[PDB]
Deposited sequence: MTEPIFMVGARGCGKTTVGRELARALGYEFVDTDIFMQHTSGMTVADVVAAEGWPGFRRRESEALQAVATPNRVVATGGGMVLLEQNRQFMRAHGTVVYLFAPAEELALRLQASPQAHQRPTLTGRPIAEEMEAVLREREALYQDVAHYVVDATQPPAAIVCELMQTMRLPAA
């Protein structure tokens, strides 16, 4: 089945990468709501926040979500896409949601902050769980997660 697949998780969990790798395996399209926002508005999140604050950033993010959602597409979402209940509902409704979970220690170690990742997870862990259909060990290699997800979700390859 071809419902949109939303990858959620905190900063450092490998959403874009795994998201892009899963899309390839399934023959889907791939879109990252942070990247889309940047390359369509011209603005960074610091640009958006400085001009309209976190509330205007959050609104714009919700709008991106609705804009990019479509079948045969994997969507990587920003880390705080799960703060707004309306966003959490939209994802379970339109598609299937996958949470890439990694403990703060390991989220911190990913740098291509451990106290900040710890507090992000105190706030959001529960929202990640609430919104997810499937939860997968994000500390594996991307290819391995793609494989595990095709098995768990029962998705055929391209």
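If you line the structure up with the deposited chain, just one stretch is without a C-alpha atom: 113 to 127.
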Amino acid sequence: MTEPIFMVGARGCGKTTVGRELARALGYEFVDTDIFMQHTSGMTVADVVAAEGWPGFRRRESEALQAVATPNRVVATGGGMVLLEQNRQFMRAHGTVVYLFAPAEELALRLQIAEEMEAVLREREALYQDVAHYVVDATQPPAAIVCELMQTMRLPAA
From here on, numbers count along this sequence of modelled residues.
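For the pair 31 to 39 and 122 to 130, the record assigns the higher mean C-alpha temperature factor to 122 to 130.
As listed in the deposited structure, the average C-alpha B-factor of 43 to 51 and of 66 to 74 is greater for 43 to 51.
Of the candidates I113, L100, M91, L26, the deposited coordinates give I113 the top C-alpha B factor.
In the PDB entry, a CA B factor belonging to the lowest third of its chain's modelled residues is recorded for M81. In the PDB entry, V8 places in the lowest third of its chain by CA B-factor. The PDB entry assigns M153 a C-alpha temperature factor belonging to the lowest third of its chain's modelled residues.
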